[PDB]
Structures are given as C-alpha cells and as structure tokens.
Asks: 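I'd like to ask you about the structure that follows.
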Amino acid sequence: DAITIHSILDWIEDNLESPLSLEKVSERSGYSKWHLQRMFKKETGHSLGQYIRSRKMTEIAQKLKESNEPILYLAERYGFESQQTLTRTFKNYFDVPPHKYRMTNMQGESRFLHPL
DNA sequence: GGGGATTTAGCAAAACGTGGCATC
DNA sequence: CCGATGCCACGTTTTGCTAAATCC
C-alpha cells in the first residue's frame, strides 16, 4: 500500500483546490472506497475523509490570510456548494468563521495539517 | 430603515470510519 | 491455509436545505 497510498496522496494535493474529492471520486483511483480507506488508514493513521477536509481547511486558511480572494469564491473553488456550508465547516475546524479568521493577526498556523 | 456580506440554526439526509465476514 | 479485498451493517459526523440572525 505504501507505494499506492503514497501516490493517492499526490493526486489529492494535486486536486482539493477545486475537486469535491469525495471518497467515491477518490475511490476511482484504485480499489473500493472501503479498501482504499483501510489501506490509507493503516498507511497514514489518518482517516481519508477527515484528512482531505483537514487539507482543504488548512489551505483555505492560508489564502484567507495571504490573499483577498472572496470567501464565496473560495467556497466554490474548493468544492463547497455555498458560503454557508464553508462557513460552518471552517468554523467547526478552527472555531472561528472565515472572515473573522481573515482579519486577525495572532491567529496563527494553529491546526494546520500539511500534505501527508 | 435599507442592503449586502457573514454567521448561525435545526432536522433530515448522505457520507464517514470501521469491524466482522464473505470472497477472490 | 494465507492474505489482499470487496461489502454490509451501523454508530458518528458532515452536508443539504432553508431560513434567519448579526455585522458594518
């Protein structure tokens, strides 16, 4: 798995940025969703679902601070059906909505997950 | 007193995460 | 028999909808 799981990882980072990268779409590449999940968990100790999301939340967080792309545009661009949906997911992952997170200095790298 | 941008609400519906099992 | 796999059941979580607050 190390070899194939280590690959699905690149394909993911080579995606989130727009895809809905759901377990199914992620399934396509490789085996059955349940299996890919089995391998990847045992391989990374990280559930596929929460890792992808952790990666999208960490990436949306860096753009809110390194750029001015409107959060609706960020919502649509990372696969969210709306601002409200992203607003609640962001809030749930950071405990601070997107705009408020955008306008605060002290708020740091806290909770960021990186590429693997 | 209005208006757009943000944030929250609340419940059902769909997706996850996983262990036990049938299969390849 | 073994082990990599697909699968289903099912407790948890997240999203889909729909409105509505709050902010500025």
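Values reported hereafter were calculated over all heavy atoms of this structure, with side chains retained and with hydrogens, waters and symmetry mates removed. Here is the naming used below: chain letters follow the sequence lines, and residue numbers restart at 1 for every chain.
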Asks: When you measure only distances, ignoring hydrogens and angles, does the side chain of A/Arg38 come within 3.5 Å of the base of C/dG3 through a donor and an acceptor?
Replies: no
Asks: Could you give the CH2-to-P distance, from A/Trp34 to C/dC7, as a whole number of Å?
Replies: 5 Å
Asks: Is any NZ, NE, NH1 or NH2 atom of the basic residue among A/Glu59 and A/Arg77 found under 4.0 Å from an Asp or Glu carboxylate oxygen of the other?
Replies: no
Asks: On a heavy-atom basis, which atom in A/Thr87 and which in A/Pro97 lie closest, and how many Å separate them?
Replies: CG2-CB, 4.4 Å
Asks: At 4.0 Å (heavy atoms only), tell me whether A/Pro70 reaches a base, stays on the sugar-phosphate, or touches nothing.
Replies: nothing
Asks: Rounded to whole Å, how long is the line connecting atom CD1 of A/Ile71 with atom P of B/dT6?
Replies: 5 Å
Asks: Whole Å only: how far is the NE2 atom of A/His35 from the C1' atom of C/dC8?
Replies: 17 Å
Asks: Could you please name the option among B/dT7, B/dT18, C/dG16 that lies closest to any side-chain atom of A/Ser47?
Replies: B/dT18
Asks: Think A/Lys41 has a side-chain N or O under 4.0 angstrom from the OP1 or OP2 of B/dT18?
Replies: yes
Asks: Could you state the atom-to-atom distance from CZ of A/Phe80 to P of C/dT15 in whole Å?
Replies: 7 Å
Asks: When we call it a touch if two heavy atoms are under 4.0 Å apart, what does A/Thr85 touch: a base, just sugar-phosphate, or nothing?
Replies: sugar-phosphate
Asks: Specify the separation, in whole Å, of atom CG of A/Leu72 and atom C1' of B/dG4.
Replies: 12 Å
Asks: Does the plane of the ring in A/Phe90 sit parallel, tilted or perpendicular to the ring in A/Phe94? Use 30° and 60° as the thresholds.
Replies: tilted
Asks: So does A/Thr89 get a side-chain nitrogen or oxygen closer than 4.0 Å to the phosphate oxygens (OP1/OP2) of C/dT15?
Replies: yes
Asks: Within this structure, what is the NZ-to-P distance between A/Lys100 and B/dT6, rounded to whole angstrom?
Replies: 14 Å
Asks: State whether the side chain of A/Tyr51 and the backbone N or O of A/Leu116 hold a donor-acceptor pair below 3.5 Å, judged by distance alone.
Replies: yes
Asks: Please confirm whether the shortest side-chain N or O distance from A/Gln37 to OP1 or OP2 of B/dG17 is below 4.0 Å.
Replies: yes
Asks: Return the nearest nucleotide to the side chain of A/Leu22; candidates are B/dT6, B/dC16, B/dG17.
Replies: B/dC16
Asks: Quick check: closest heavy atoms across A/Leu113 and A/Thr58, and the distance to 0.1 Å?
Replies: O-CG2, 3.3 Å
Asks: Looking for any heavy atom pair under 4.0 Å, which part of the strands does A/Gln50 touch: base, sugar-phosphate only, or nothing?
Replies: sugar-phosphate
Asks: Less than 4.0 angstrom between a side-chain N/O of A/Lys33 and OP1 or OP2 of B/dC16, yes or no?
Replies: no
Asks: Please determine whether the number of non-hydrogen atoms from other residues, nucleotides or ligands lying under 6.0 Å from atom NZ of A/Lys63 exceeds 12.
Replies: yes
Asks: In whole Å, I'd like the distance from the CG atom of A/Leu20 to the P atom of B/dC16.
Replies: 11 Å
Asks: Could you check A/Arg53 against A/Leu36 and say which one's nearest nucleotide on DNA chain C is further toward the 5' end?
Replies: A/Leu36
Asks: Looking at the side chain of A/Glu23, which of B/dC16, C/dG16, C/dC7 is the nearest nucleotide?
Replies: B/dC16
Asks: What is the distance, to the nearest angstrom, from the CD atom on A/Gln83 to the P atom on C/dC17?
Replies: 17 Å
Asks: Side-chain N or O of A/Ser82 less than 4.0 angstrom from OP1 or OP2 on C/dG16?
Replies: no
